[PDB]
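All remarks here apply to the structure that follows.
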Amino acid sequence: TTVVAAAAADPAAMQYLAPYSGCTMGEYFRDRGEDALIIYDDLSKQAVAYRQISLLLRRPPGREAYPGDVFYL
Amino acid sequence: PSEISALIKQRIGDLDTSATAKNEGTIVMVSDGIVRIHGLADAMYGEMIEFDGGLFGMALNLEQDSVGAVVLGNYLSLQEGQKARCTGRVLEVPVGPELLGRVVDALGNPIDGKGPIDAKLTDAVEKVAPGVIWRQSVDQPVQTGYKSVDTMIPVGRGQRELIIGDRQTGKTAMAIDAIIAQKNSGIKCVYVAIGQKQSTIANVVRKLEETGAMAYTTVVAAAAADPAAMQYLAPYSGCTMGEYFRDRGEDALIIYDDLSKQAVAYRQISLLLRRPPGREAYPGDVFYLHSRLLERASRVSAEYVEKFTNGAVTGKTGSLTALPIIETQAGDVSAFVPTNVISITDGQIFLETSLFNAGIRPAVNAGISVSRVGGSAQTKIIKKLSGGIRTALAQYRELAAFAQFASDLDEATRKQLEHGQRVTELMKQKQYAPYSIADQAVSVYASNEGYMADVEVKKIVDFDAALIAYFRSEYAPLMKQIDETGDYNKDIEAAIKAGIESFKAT
Amino acid sequence: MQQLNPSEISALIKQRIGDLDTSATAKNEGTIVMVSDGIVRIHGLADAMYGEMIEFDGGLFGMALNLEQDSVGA
Amino acid sequence: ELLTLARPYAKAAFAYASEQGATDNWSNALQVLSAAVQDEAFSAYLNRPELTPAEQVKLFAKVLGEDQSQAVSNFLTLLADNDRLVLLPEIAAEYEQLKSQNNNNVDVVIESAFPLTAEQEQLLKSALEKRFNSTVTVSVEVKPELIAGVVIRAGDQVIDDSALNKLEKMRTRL
Amino acid sequence: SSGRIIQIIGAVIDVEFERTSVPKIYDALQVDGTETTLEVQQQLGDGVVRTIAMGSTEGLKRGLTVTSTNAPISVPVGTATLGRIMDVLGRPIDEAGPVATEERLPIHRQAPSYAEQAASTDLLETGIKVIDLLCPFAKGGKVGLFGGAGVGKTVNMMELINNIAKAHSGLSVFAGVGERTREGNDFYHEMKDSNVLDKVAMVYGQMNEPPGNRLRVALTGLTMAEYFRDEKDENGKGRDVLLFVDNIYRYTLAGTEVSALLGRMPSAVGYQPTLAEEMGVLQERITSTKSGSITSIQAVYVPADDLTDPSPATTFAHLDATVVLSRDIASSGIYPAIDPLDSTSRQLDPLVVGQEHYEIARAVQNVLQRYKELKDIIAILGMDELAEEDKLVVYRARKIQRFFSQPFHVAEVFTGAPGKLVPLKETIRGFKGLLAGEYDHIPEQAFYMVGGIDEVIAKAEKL
Amino acid sequence: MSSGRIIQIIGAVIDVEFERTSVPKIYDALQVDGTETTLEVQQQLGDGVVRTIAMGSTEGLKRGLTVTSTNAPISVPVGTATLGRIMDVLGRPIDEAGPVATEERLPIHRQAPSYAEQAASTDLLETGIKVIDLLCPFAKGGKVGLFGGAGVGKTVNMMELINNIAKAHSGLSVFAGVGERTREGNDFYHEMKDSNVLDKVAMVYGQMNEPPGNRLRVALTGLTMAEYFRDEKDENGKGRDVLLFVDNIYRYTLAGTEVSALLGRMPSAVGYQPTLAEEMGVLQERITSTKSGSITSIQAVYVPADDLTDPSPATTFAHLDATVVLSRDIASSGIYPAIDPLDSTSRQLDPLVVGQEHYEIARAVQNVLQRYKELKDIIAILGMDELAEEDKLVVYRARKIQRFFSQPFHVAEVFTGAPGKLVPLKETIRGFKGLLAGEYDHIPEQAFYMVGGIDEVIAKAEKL
Amino acid sequence: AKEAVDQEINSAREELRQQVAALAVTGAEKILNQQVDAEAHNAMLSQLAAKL
Amino acid sequence: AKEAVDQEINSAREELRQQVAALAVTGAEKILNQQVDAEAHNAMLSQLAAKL
Ligand SMILES: Nc1ncnc2c1ncn2[C@@H]1O[C@H](COP(=O)(O)OP(=O)(O)OP(=O)(O)O)[C@@H](O)[C@H]1O
Ligand SMILES: Nc1ncnc2c1ncn2[C@@H]1O[C@H](COP(=O)(O)OP(=O)(O)O)[C@@H](O)[C@H]1O
Ligand SMILES: [Mg+2]
Ligand SMILES: [Mg+2]
């Protein structure tokens with residue numbers, strides 16, 4: 001097995017981006033015709049960080065300061 | 001055949017006989033039928049605006065260097081750079097008796113497809129209220145074809161009175177009945193559809209022409225799919241057409257349907273202008289926005305008529321009666337827009353969900369439903385026979401409310417409950433069931449005389465209808481005489497109780 | 001895009017076209033620019049402090065708390 | 001808008017130039033600087049994150065060459081100080097308008113279906129002097145788009161006589 | 001000198017002025033085409049300022065010319081304004097000819113000095129049980145009718161005007177503010193039926209009017225009354241001044257209407273931030289001074305029937321006499337529907353009201369308080385499963401509620417029952433007798449919609 | 001020139017400048033010159049610049065890249081060959097059945113029907129599901145919201161509806177999958193595939209993972225499909241009627257809220273697209289019965305926050321012609337269809353509308369069922385013994401009604417070999433009114449299970 | 001029923017005129033296309049100059 | 001019955017539409033009216049204008 005870490009002290013961007021990476025590594029072995037499993041942790045804080053970024057990105061505010069793209073994500 | 005040829009030839013020999021001096025401004029920015037136009041300086045606030053597309057516009061923002069404005073219709077055939085001229089003339093609309101039996105565009109264009117109609121008079125839509133020194137006290141009745149309504153909540157000529165309730169609880173059917181009542185009266189009656197389903201529309205229509213009412217009748221519609229501008233503007237136009245006859249000393253009647261849609265639509269439009277909102281996205285002026293329209297209806301002086309028509313009349317006091325519609329979410333009477341509108345109306349009516357759910361059609365929550373005018377329009381018969389009965393049943397309601405967690409009941413409470421049951425059952429009617437005055441007159445007579453606290457609970461309504469038959473068969477001259485007058489004499493009630501005993505014998 | 005500043009009066013602009021010296025009489029006194037609701041914007045007096053008292057031609061007194069790039073709100 | 005923010009600078013420059021009489025020199029410089037503005041190359045080179053007010057001021061003098069003044073020097077200087085350089089050409093256009101109205105001379109846009117002879121031109125110039133400018137300014141235009149007549153344009157004062165009339169009357173038909 | 005229109009938004013206007021001539025912040029600006037007039041509000045500077053219009057905003061284009069009067073809004077003043085109907089401009093609407101006097105007074109003025117307030121220490125008997133019991137009045141005080149939409153803010157005022165008017169003799173003024181025209185005209189004709197019509201003056205600024213007109217409407221009448229209080233009788237002073245406010249909430253609402261267009265910011269709800277200071281400015285020019293006595297009545301509409309709204313909250317800081325209405329009480333059919341609790345009075349003083357008055361009132365409120373508290377459980381549980389004294393107190397309080405229910409002399413319009421005027425002595429004796437339990441054997445119906453205790457006896461023995 | 005180049009993009013937003021002589025109107029098609037990404041004209045930003053959203057991903061794309069126009073909105077193929085094929089939002093094959101043979105395509109963003117086009121009459125839409133047939137009868141051009149949880153064969157329900165509409169009246173059916181849980185969509189495809197119903201329906205899914213714009217527009221896509229099909233008229237005029245099932249229009253509202261945020265304009269009171277009501281009307285009033293031909297629509301809907309005061313259901317109710325709910329315990333009782341009969345309501349419940357006698361019978365039946373629910377609690381707490389005799393009769397007869405409601409189906413027929421049940425109006429009512437006489441109290445409740453007409457019930461009683 | 005019949009009659013009698021006008025204006029504008037008269041242009045612009 | 005009359009009325013309208021095609025080509029003369037009478041007459045020479 002493997003684990004990838006997005007510590008709380010890390011800059012928000014890597015935390016925001018990690019889950020997709022881990023997904024990609026999982027899909028690898030899905031693409032390897034075999035099966036495995038993935039665990040997603042603290043997606044709430046992930047959204048928090050992404051919201052903060054978007055704010056710093058001058059992006060329009062959303063409900064609860066969440067642009068709707070979050071659900072898309 | 002050739003008659004059309006001659007007509008088109010002479011219409012061609014008619015106009016476009018010369019060039020014209022004018023001013024244009026081209027498009028700058030577009031979004032959702034809201035456009036930014038630059039280059040017109042001679043413009044008027046809210047004037048008609050000319051466009052090569054054949055549509056028109058109303059001006060909103062006179063800034064230093066351009067104008068933002070509103071579409072009248074769809075805009076998908078529009079794009080920046082096209083030509084856009086100015087009429088130099090304010091918003092108007094055709095008005096006339098010719099509008100009768102017709103349903104048209106919110107700009108008076110026949111959607112019935114029954115040929116365009118010229119109105120030798122056309123009037124600006126936005127107008128101000130008349131002067132206080134010209135207003136007249138309400139003194140003339142309006143009948144609703146009801147027992148519950150006409151009695152406990154009087155409504156006279158020119159009064160404004162909101163109707164509030166929930167979905168499929170009987171809100172319009174009531175106004176419709178009221179209109180049908182006015183058939184014989186010959187008063188001016190006109191209604192506006194505002195952002196609802198065309199199916200519902202054609203249903204209303206077909207009902208009207210079935211009644212043949214749509215001959216002293218005019219209606220205009222704001223479709224639920226039409227771009228919000230027309231929804232916003234239409235009620236003002238309808239009021240404008242209505243005022244024509246009140247401006248002629250002639251009593252008038254308007255019916256506003258679902259001002260909630262118009263309110264929210266305007267909220268949206270104005271917010272698209274990025275203006276800051278107040279509570280629940282509504283801007284403040286909304287209160288003014290509706291109320292200014294509402295004030296335009298009133299009962300006025302013949303003196304005002306003379307000041308309007310300056311010899312064109314002998315002078316009779318005119319009026320216009322108002323039928324607005326607002327829906328309530330979950331029966332929240334304390335809702336913001338309801339709170340606003342009740343502060344405007346001369347009174348209100350609210351319909352209770354459960355009674356209609358209990359089959360009571362209509363289903364009045366008489367508890368809170370009152371008119372500022374009250375007994376200034378009822379017939380002396382009705383006015384004297386009524387007066388506290390609505391209060392009496394209101395207190396009967398709260399008595400029953402308290403009478404479910406306590407086992408003690410005095411004879412006062414007992415009698416109040418038992419008579420409230422009888423009078424409650426007494427206030428029922430059928431859809432499309434109007435009443436002559438004597439109908440409810442004899443009903444309330446029997447009730448007050450305790451002539452109902454004696455007969456079977458369920459058989460109450462049967463006794464009522466058979467009584468109507470009994471009398472209008474035997475006593476047809478009697479009720480004819482009484483309802484032709486609206487005055488009561490004691491010998492009349494002597495005949496009434498004679499009939500009471502005779503029918504109770506049957 | 002930047003918007004208008006409370007410093008773009010063509011009187012001042014023409015002055016700048018004329019000269020680029022004598023800075024507000026060494027910022028000893030400003031000039032009224034924007035007035036509304038007990039709040040006034042003034043051009044000059046950059047020497048003054050946030051919280052420094054200010055006299056006026058009306059013989060009155062006031063307190064500016066905003067030292068902008070070129071304007072001051074009082 | 002851009003025009004609105006341009007407003008004060010236009011009137012200031014007009015007042016100064018009239019006060020000095022270099023209105024011609026100012027205006028010509030404005031044409032030049034507008035041309036510079038619309039030049040994508042020159043602007044991009046200007047928009048590099050390296051230039052100081054003195055830099056671009058000297059640059060504009062250089063591309064200006066002669067026809068320079070300490071007055072326009074400070075003018076451009078403060079323009080860069082507020083970094084209002086983009087809307088320069090609009091200021092020039094408004095300034096031109098200001099001079100015209102100050103001199104009451106007006107321009108008319110003339111669009112035709114055929115080339116027009118001069119005698120017609122001064123005839124209609126006179127005719128429009130019944131609208132009493134101080135001086136007519138002619139901008140002719142020939143358009144097979146037009147079929148008949150000439151449409152005219154005095155600012156926004158516009159009068160049609162062309163084919164469009166059929167379109168209008170045909171609207172009237174229905 | 002003159003100015004030209006450069007932008008039009010809503011009902012707020014802006015104008016260009018010569019560098020030499022920039023009118024002061026408050027001046028009349030005549031539309032050089034029409035009768036339309038303007039007041040300055042903001043010094044936008046650079047030869048341009050912002051203003052609002054009075055009257056229609058239509059027929060107005062840009063670049064059109066406007067003059068200045070070099071004079072603020074100063075309106076005709078004096079007794080020659082009585083028995084007349086004026087506009088927001090103080091101009092006749094009754095068409096009874098132009099006003100006679102030539103004295104004018106600016107609508108704007110600073111507040112009177114601290115060294116000028118007066119000790120309004122004069123009581124009043126009215127005839128309404130709940131009022132004269134719970135809210136003793138000071139002749140010269142501020143009387144506000146806190147209430148929602150359709151609670152009876154106008155009715156409660158009409159009846160008081162009846163009673164107050166008939167009990168008084170001297171000056172009086174009314175100013176219709178943003179209300180239904182019909183009610184105002186009806187009141188005018190009713191006053192015409194009376195004769196103090198002469199004694200009073202009419203002015204209506206109504207909801208139909210543009211918000212610019214809707215804003216500075218009170219200024220007129222309040223200045224009128226201020227003059228008349230300062231207008232001293234020969235060998236004497238000003239007279240007793242009757243003042244009546246009609247939904248100052250309308251003025252607040254207009255201030256909300258204009259703020260965003262004024263370049264202003266949005267309060268915590270959306271009001272103008274300046275709402276508190278403008279309300280205070282308004283109120284402070286309203287006072288009985290060392291000179292004269294000014295008696296003011298305030299119509300207080302309550303938005304959404306909420307107290308925690310900023311405007312009512314600020315309002316309490318202004319009203320010595322507070323009267324509040326409820327929707328549920330009217331839902332019970334009790335007319336009037338004034339809440340006993342929150343409506344209070346600083347005149348409620350044992351050294352002032354007399355000991356018995358004070359203590360009887362306190363006991364009454366105490367009883368009602370327990371009843372309201374126990375309402376929860378009695379809704380949950382059976383009324384029978386309670387302590388006997390509890391139930392006794394419940395019936396006591398309910399009969400108290402009923403004993404408050406009173407017919408009013410104008411209320412017979414929607415009922416027919418003749419209105420009453422109950423002397424305070426009868427009220428006190430009857431309430432004390434109830435609190436003594438002298439009537440625990442008496443059906444509760446015997447107290448509904450009545451006046452004095454003797455009426456209760458008659459009703460009960462009748463029943 | 002007839003194309004422009006990329007000048008700026010942010011998020012899902014794309015900006016391109018054009019010359020003043022060539023700039024498209026709203027909704028026209030815009031193909032990225034260099035890839036398959038497509039752009040939808042939304043509003044003219046002026047200066048030759050216009051704002052659009054791309055259909056599909058946003059990468060592989062950089063500024064300066066040319067993008068052209070078609071000067072026309074999205075046109076997608078229309079024809080009979082469309083049946084049995086699943087397509088993307090752009091109507092492009094995704095079943096790998098090759099490109100759609102039909103090249104006859106039509107624009108999408110088109111105007112709602114005229115007032116004159118309003119079908120002058122209303123009449124009861126029919127089907128074979130007794131509870132539907134009576135308790136919530138429909139009308140052509142009808143709009144009913146569906147309610148319930150999960151695990152009741154919603155799909156199966158629709159399958160029977162399609163089978164009946166194609167059988168009795170050859171009425172066509174189309175489905176749009178909005179925010180489809182892809183696995184479930186595939187499963188549903190296989191399910192409708194084993195059943196030969198596949199050939200009689202047209203399929204497009206908007207998977208929630210997609211850019212919200214195409215997810216938004218699939219609605220109008222299927223709408224235009226149905227429009228063409230109904231307007232597609234056989235001889236003698238009078239083309240067949242068409243049926244549309246829409247996957248959880250609530251998701252559509254969510255996507256509208258998304259894209260509303262995307263333009264960076266004001267979020268509404270509760271927070272929604274303020275123009276929501278207008279696009280509602282865009283959907284609804286574009287769907288009805290015509291003077292010749294009709295299209296009826298049945299729409300899935302979820303209630304967010306289980307509340308009926310939030311805007312979305314409030315606006316929704318402005319168009320729901322009837323209410324149909326699904327109760328879990330009813331399925332737990334093995335009752336099929338598992339529809340809660342008592343609480344699903346139809347606006348079309350008037351003796352004026354449904355017929356006088358029909359109305360009376362329905363009213364009495366619902367009264368009886370209401371009584372029975374008032375009774376069964378007292379039964380369970382006190383035993384059936386302590387009831388009045390008529391109360392017991394009501395108990396038994398109502399349970400007989402419920403059993404009679406249980407019916408096999410032609411979709412169930414292939415599922416488990418058993419003849420499906422087809423029953424019209426005035427076929428149920430006869431047995432029901434006979435039951436109101438209590439003439440089957442001798443007949444056991446079991447004789448009403450998994451049965452069609454009352455004649456079949458009596459035949460069962462005979463064999464039992 | 002009679003009202004509906006007569007309304008249909010009037011509807012058709014008006015409907016015809018619309019396409020009649022369309023065809024007539026198209027033909028007339030085409031005829032105006034076929035003619036190429038700069039001299040008429042000159043005459044009418046002189047008239048306009050008079051009319052200014 | 002209304003159908004029976006309305007389709008035959010339309011059949012009459014076909015003859016009428018050819019008729020009035022000719023009649024409106026004749027009526028297309030009114031562009032001279034649209035002119036300032038810039039052409040007193042221009043159309044009767046070319047008569048190719050005959051469609052439907
Ligand atoms: N007196 C009555 N007796 C029985 N039914 C009635 C009566 N009056 C009205 N109804 C019924 O009330 C039903 C619901 O009212 P209706 O649909 O006409 O309009 P509404 O209450 O305003 O609702 P919506 O929100 O859809 O506009 C109608 O179908 C009508 O048949
Ligand atoms: N004193 C009263 N007793 C009983 N009912 C009343 C009384 N006054 C008013 N009502 C009723 O209550 C309604 C509301 O009264 P009003 O003072 O006009 O309310 P608002 O605060 O909106 O101005 C009146 O129109 C009348 O029908
Ligand atoms: Mg309705
Ligand atoms: Mg009020």
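Residue names in the structure tokens use chain letters A, B, ... in the order shown, residue numbers from 1 in each chain, and ligand numbers from 1 in the order shown.
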
Practice task
Write out as a list in words every residue belonging to chain B that has an atom at most 12 Å from any atom of chain H, counting only C-alpha atoms.
Solution key: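 Taken together, these residues fit the definition: residues 1, 2, 3, 4, 5, 6, 7, 8, 9, 10, 11, 12, 13, 14, 15, 16, 17, 18 and 19 of chain B.
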
Distance filter 8 Å around ligand 1, atoms: only C-alpha atoms and all ligand atoms, out as a PDB file with C-alpha atoms, in the first residue's frame:
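Writing the result to out-v4.pdb gives the following:
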```pdb
ATOM      1  CA  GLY B 165     -54.369  31.919   0.192  1.00  0.00           C
ATOM      2  CA  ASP B 166     -52.448  28.867  -0.974  1.00  0.00           C
ATOM      3  CA  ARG B 167     -52.254  26.879  -4.212  1.00  0.00           C
ATOM      4  CA  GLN B 168     -55.471  25.177  -5.356  1.00  0.00           C
ATOM      5  CA  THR B 169     -57.443  26.541  -2.401  1.00  0.00           C
ATOM      6  CA  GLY B 170     -59.902  28.744  -4.279  1.00  0.00           C
ATOM      7  CA  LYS B 171     -58.459  32.197  -4.911  1.00  0.00           C
ATOM      8  CA  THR B 172     -59.518  33.103  -8.451  1.00  0.00           C
ATOM      9  CA  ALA B 173     -62.806  31.208  -8.703  1.00  0.00           C
ATOM     10  CA  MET B 174     -63.977  33.780  -6.162  1.00  0.00           C
ATOM     11  CA  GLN B 196     -49.472  32.083 -15.399  1.00  0.00           C
ATOM     12  CA  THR B 200     -55.305  28.270 -17.114  1.00  0.00           C
ATOM     13  CA  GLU B 327     -50.309  33.959  -2.474  1.00  0.00           C
ATOM     14  CA  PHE B 356     -61.294  23.524   1.547  1.00  0.00           C
ATOM     15  CA  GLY B 359     -64.426  20.338   1.406  1.00  0.00           C
ATOM     16  CA  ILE B 360     -65.745  23.730   2.502  1.00  0.00           C
ATOM     17  CA  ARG B 361     -65.732  25.575  -0.834  1.00  0.00           C
ATOM     18  CA  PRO B 362     -65.133  28.415  -0.144  1.00  0.00           C
ATOM     19  CA  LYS B 428     -71.638  27.031   2.099  1.00  0.00           C
ATOM     20  CA  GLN B 429     -72.292  27.416  -1.602  1.00  0.00           C
ATOM     21  CA  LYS B 430     -71.462  25.670  -4.853  1.00  0.00           C
ATOM     22  CA  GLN B 431     -69.001  26.772  -7.494  1.00  0.00           C
ATOM     23  CA  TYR B 432     -70.736  29.187  -9.875  1.00  0.00           C
ATOM     24  CA  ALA B 433     -73.620  29.509  -7.414  1.00  0.00           C
TER      25      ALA B 433
ATOM     26  CA  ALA F 318     -46.644  26.150 -10.501  1.00  0.00           C
ATOM     27  CA  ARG F 347     -55.377  18.674  -9.756  1.00  0.00           C
ATOM     28  CA  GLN F 348     -57.594  16.906 -12.304  1.00  0.00           C
ATOM     29  CA  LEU F 349     -60.049  15.616  -9.725  1.00  0.00           C
ATOM     30  CA  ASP F 350     -63.294  17.381 -10.506  1.00  0.00           C
TER      31      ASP F 350
END
```

Exercise for the section: May I have the residues within 9 Å of ligand 4, computed using only C-alpha atoms and all ligand atoms, as a PyMOL selection string? Expected result: (chain B and resi 342-344) or (chain E and resi 147-155+179-180+246-247+299-301)

Exercise for the section: Show which residues sit within 12 Å of residue 358 in chain E, as a ChimeraX atom specification. Count only C-alpha atoms, and ignore same-chain residues fewer than 3 positions away. Expected result: /E:132-136,345,347-355,361-365,428,432

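Counting from CA of residue 498 in chain B, the distance to CA of residue 422 in chain B is 21.7 Å.
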
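Rounded to one decimal, CA of residue 5 in chain D and CA of residue 44 in chain E lie 14.6 Å from each other.
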
Handout entry: For range 287-298 of chain B: contacts at 7 Å, only C-alpha atoms, fewer than 4 positions along chain excluded, given as a ChimeraX atom specification
Key = /B:128-129,158-159,236,319-322,340,344 /E:207-208

Mind dumping the selected residues with N, CA and C atoms as a JSON list (two decimals), in the first residue's frame?
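File again.json, as written:
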```
[["chain", "number", "residue", "atom", "x", "y", "z"],
["B", 128, "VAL", "N", -50.20, 59.39, -12.24],
["B", 128, "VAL", "CA", -50.16, 59.64, -10.81],
["B", 128, "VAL", "C", -51.58, 59.55, -10.26],
["B", 129, "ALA", "N", -51.67, 59.44, -8.94],
["B", 129, "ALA", "CA", -52.96, 59.38, -8.28],
["B", 129, "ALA", "C", -53.65, 60.75, -8.36],
["B", 158, "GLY", "N", -65.05, 50.68, -5.54],
["B", 158, "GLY", "CA", -63.82, 51.41, -5.39],
["B", 158, "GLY", "C", -62.89, 50.90, -4.31],
["B", 159, "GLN", "N", -63.34, 49.99, -3.46],
["B", 159, "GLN", "CA", -62.47, 49.50, -2.41],
["B", 159, "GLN", "C", -61.40, 48.58, -2.97],
["B", 236, "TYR", "N", -49.85, 48.05, -14.51],
["B", 236, "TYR", "CA", -50.01, 49.48, -14.70],
["B", 236, "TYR", "C", -50.86, 49.77, -15.92],
["B", 319, "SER", "N", -65.64, 55.74, -10.00],
["B", 319, "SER", "CA", -64.92, 54.87, -9.07],
["B", 319, "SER", "C", -64.28, 53.73, -9.85],
["B", 320, "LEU", "N", -63.37, 53.04, -9.17],
["B", 320, "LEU", "CA", -62.74, 51.84, -9.72],
["B", 320, "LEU", "C", -62.41, 50.92, -8.56],
["B", 321, "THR", "N", -62.89, 49.69, -8.62],
["B", 321, "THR", "CA", -62.70, 48.74, -7.54],
["B", 321, "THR", "C", -61.58, 47.77, -7.88],
["B", 322, "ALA", "N", -60.81, 47.41, -6.86],
["B", 322, "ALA", "CA", -59.53, 46.74, -7.03],
["B", 322, "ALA", "C", -59.58, 45.32, -6.47],
["B", 340, "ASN", "N", -46.29, 44.10, 3.76],
["B", 340, "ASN", "CA", -46.28, 45.33, 3.00],
["B", 340, "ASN", "C", -47.65, 45.62, 2.41],
["B", 344, "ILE", "N", -51.30, 48.54, 2.70],
["B", 344, "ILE", "CA", -51.77, 49.33, 1.59],
["B", 344, "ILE", "C", -53.28, 49.19, 1.41],
["E", 207, "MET", "N", -48.27, 58.54, 0.06],
["E", 207, "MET", "CA", -47.59, 57.46, -0.63],
["E", 207, "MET", "C", -47.50, 57.66, -2.14],
["E", 208, "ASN", "N", -48.54, 58.23, -2.76],
["E", 208, "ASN", "CA", -48.49, 58.45, -4.20],
["E", 208, "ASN", "C", -47.34, 59.38, -4.58]]
```

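Taking only C-alpha atoms, the non-local environment of range 24-32 of chain C within 7 Å (same-chain residues fewer than 2 positions away omitted) comprises residues 22, 34, 41, 42, 43, 44, 45, 46 and 47 of chain C.
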
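Since chain H and chain G share the same sequence, their Cα atoms can be paired directly; the RMSD after superposition is 9.2 Å.
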
Practice task
Please provide as a ChimeraX atom specification all residues within 10 Å of residue 61 in chain A, with the sequence filter that same-chain residues fewer than 6 positions apart are discarded (counting only C-alpha atoms).
Solution key: /A:51,54-55,67-68 /F:261,264-267

Practice task
Would you return as a list in words the members of chain C that DSSP assigns to alpha helix (DSSP H) on this structure's backbone?
Solution key: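 Taking chain C and keeping alpha helix (DSSP H) gives residues 10, 11, 12, 13, 14, 15, 16, 17, 18, 24, 25, 26 and 27 of chain C.
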
Practice task
Could you give me the residues within range 74-226 of chain B that DSSP places in strand (DSSP E), as a PyMOL selection string?
Solution key: chain B and resi 84-90+92-95+103-104+121-124+162-165+188-196+217-223

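For residue 50 in chain H, the non-local neighbours within 10 Å, defined as residues at least 2 positions apart in the same chain or in other chains and counting only C-alpha atoms, are residues 27 of chain G; 18, 21, 22, 24, 25, 26, 47, 48 and 52 of chain H.
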
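With CA of residue 334 in chain F on one side and CA of residue 159 in chain F on the other, the separation reads 19.3 Å.
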
Using only C-alpha atoms, find which residues of chain D lie within 8 Å of chain G and jot them down as a JSON list (two decimals) with C-alpha atoms, in the first residue's frame.
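This is the output file part.json:
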```json
[["chain", "number", "residue", "atom", "x", "y", "z"],
["D", 114, "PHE", "CA", -23.76, 57.69, -56.38],
["D", 120, "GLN", "CA", -24.42, 69.83, -54.88],
["D", 123, "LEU", "CA", -25.50, 73.74, -52.15],
["D", 124, "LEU", "CA", -26.30, 71.40, -49.28],
["D", 127, "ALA", "CA", -28.74, 74.45, -46.91],
["D", 128, "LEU", "CA", -27.40, 73.08, -43.63],
["D", 130, "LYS", "CA", -29.82, 77.22, -42.29],
["D", 147, "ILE", "CA", -30.18, 53.10, -53.94],
["D", 148, "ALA", "CA", -31.77, 56.54, -53.82],
["D", 149, "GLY", "CA", -31.28, 59.70, -51.82],
["D", 150, "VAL", "CA", -28.61, 60.77, -49.36],
["D", 166, "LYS", "CA", -39.96, 51.16, -48.45],
["D", 170, "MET", "CA", -43.92, 48.08, -45.47],
["D", 173, "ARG", "CA", -48.52, 47.85, -44.29],
["D", 174, "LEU", "CA", -48.64, 45.15, -41.64]]
```
